[PDB]
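Encoded as structure tokens, the following chain is the form deposited in one PDB entry, with no partner shown.
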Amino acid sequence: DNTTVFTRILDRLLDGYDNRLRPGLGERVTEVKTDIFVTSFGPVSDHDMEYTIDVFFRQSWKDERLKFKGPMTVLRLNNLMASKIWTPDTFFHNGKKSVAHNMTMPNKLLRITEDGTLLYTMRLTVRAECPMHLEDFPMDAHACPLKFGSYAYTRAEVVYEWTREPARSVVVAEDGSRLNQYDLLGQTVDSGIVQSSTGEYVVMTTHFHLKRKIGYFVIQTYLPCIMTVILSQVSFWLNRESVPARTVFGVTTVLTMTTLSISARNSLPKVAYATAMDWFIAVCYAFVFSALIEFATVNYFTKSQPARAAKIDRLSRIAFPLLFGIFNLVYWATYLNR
């Protein structure tokens, strides 16, 4: 008769219960407490301008129709009971295609305390939009948002609040980072209001502040470009009688810069401006192309003005290494401070 008592209680709670009506319909405003536990912060995609996140999305409200008195104080019930009562229609404003996991069963819980309070958590995987300003690529940082609210109930019917102080209402697991080229510096929790064609709604927002790690692009792009520029300046030390040899130096380095220039934007979206990387390959392109014009100038003055041709080669051995050294000082100091 122990389990029979709880069966009678659930029958009485659901008898005459209408789940098409929010609690306090026409009398007050339904308040929903919300908090998030981020189990993993998934990879950020730059081509699609998005990111993935896995959360334990918790919601809590009050329903006087579900008050009861019995041997227990909390009914830790099955997740199929969640479809028998009223639950908020929370959606993510900037979501793209989220998933509610149901393996091996619907990953939801429902707990009904004796005073009517409900706790209703679920496990989700959200793909959210994150617009990116890539004018400082790859030394850029972003604040990717996560906005959610009710889809049908205006702010005069359903409102949302954080369970605790807003800073402590979103907690990220210590070992959940799935980021490869970013670095979660922290998150900011806020709340706002949106006006639509149907009414005013409450929006709860979280911004995750990410800073890109430049380690990959130093190896992939910045080093192959610097070596190519240094390679093209070896041509200044070969004797002027090695005309076929000094032409191969100029042609291959220019060809190599073209290959690197094309392949640098493969990962990025097709933006219509110049990133901080494009200003480095373009300048490295100018140094490599200038090192070939110098040879043509030297080769033009050979056999007619040997004194002048020798003077140019002496100066180029100093000017070209010095100017590329100065440019790197100006380039790195400009962008690493931002």
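Only the largest set of C-alpha atoms that superpose within 1.5 Å between the two forms is called the rigid core. Heads up: residue numbers just count along the shown sequence, starting at 1.
Same protein, other form: the form deposited in another entry, not shown, and the subject of what follows.
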Out of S83, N102, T198, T259, the residue that alone shifts its CA by 2 Å or more between this form and the one not shown when the rigid core is the reference: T259
Core-aligned C-alpha movement of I318 between this form and the one not shown reaching 2 Å: yes
C-alpha of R111 moved at least 2 Å between this form and the one not shown on rigid core: no
Core-aligned C-alpha movement of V29 between this form and the one not shown, 2 Å or more: no
